[PDB]
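**Student:** these chains are from a complex, not moved at all, and more is on the way:
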Amino acid sequence: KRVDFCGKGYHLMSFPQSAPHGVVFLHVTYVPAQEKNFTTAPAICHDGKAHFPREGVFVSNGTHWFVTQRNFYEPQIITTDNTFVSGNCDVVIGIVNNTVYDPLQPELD
């Protein structure tokens, strides 16, 4: 996890080869590509409660809000298993209104 100790990018793995009086390291790394821009927010307010992502960031495609993982764009809908709650929505700078979906009660019809 040391930055730039094993090449440029996120180190995946490395292979050694012998040279005359030396060694050659072939570093395999992961390099992110083809980014898009989005709107973002730190928390989400629902029922007077602030919701934070467990892992990921809240992003908006223009009209809807999703959670994604931070390094590869893979959007999902914001549920109570995606997030955790802390406090009320009066203290966070930049909080946004949206609905956080519960699975249990629409299972219970």
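**Tutor:** Thanks, I have the structure now. Numbering: from 1, shown residues only, chains lettered A, B, ... in the order given.
**Student:** Contacts made by stretch A:34-53 with the rest, please.
**Tutor:** A:57-62, A:65, A:67, A:73, A:78, A:82-89, A:91-100 (Cβ atoms under 8 Å, 6 or more residues apart in numbering). For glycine as for every other residue, the C-beta is placed from the backbone atoms N, C-alpha and C.
**Student:** can you do 6 Å?
**Tutor:** A:57-60, A:67, A:83-89, A:92, A:94-98, A:100 (Cβ atoms under 6 Å, 6 or more residues apart in numbering).
**Student:** What is the burial count for residue A:41?
**Tutor:** 17 (other Cβ atoms under 10 Å).
**Student:** go on, the one 5 residues further on?
**Tutor:** The burial count assigned to residue A:46 is 18, neighbours taken as other Cβ under 10 Å.
**Student:** The contacts of stretch A:34-53 in strands, which ones?
**Tutor:** Mapping the contacts of stretch A:34-53 onto strands (DSSP state E) picks out A:57, A:58, A:59, A:60, A:67, A:83, A:84, A:85, A:96, A:97.
**Student:** please slot chain B in as well:
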Amino acid sequence: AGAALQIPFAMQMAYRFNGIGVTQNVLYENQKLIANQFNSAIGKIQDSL
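**Tutor:** Next up, chain B placed on what we already have:
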């Protein structure tokens, strides 16, 4: 690690709080105090210099 991708600075500070074991609500609920403390700490360096 590649191309520069923008992110707002308080959200970068929250990632970094996660990287030491503190949840990020602890940053967002203290943002103003944390920024005051950083500013006083930076203002103390030029005084010693």
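**Student:** In light of the added chain B, please revisit the neighbour count of residue A:41.
**Tutor:** Neighbour count for residue A:41, taken as other Cβ atoms under 10 Å in any protein chain shown: 19.
**Student:** Please report how far it lies from residue B:2.
**Tutor:** Separation of residue A:41 from residue B:2 (Cβ to Cβ, to the nearest Å): 25 Å.
**Student:** Help me confirm that residue B:12 is found in a helix?
**Tutor:** Yes - counting by DSSP: H, G, I helix; E, B strand; the rest coil, residue B:12 is found in a helix.
**Student:** Number of residues surrounding it?
**Tutor:** Neighbour tally, residue B:12, other Cβ under 10 Å: 11.
**Student:** For it, give its distance to chain A.
**Tutor:** 11 Å (Cβ to the nearest Cβ, to the nearest Å).
**Student:** What residues does chain A have near chain B?
**Tutor:** A:9, A:31, A:32, A:35, A:42, A:52, A:86, A:91, A:92 (Cβ under 6 Å from any Cβ of the partner chain).
**Student:** among those, which ones are buried?
**Tutor:** A:9, A:42, A:52, A:86, A:91, A:92 (16 or more other Cβ atoms under 10 Å in any protein chain shown).
**Student:** Sweet, I'm off.
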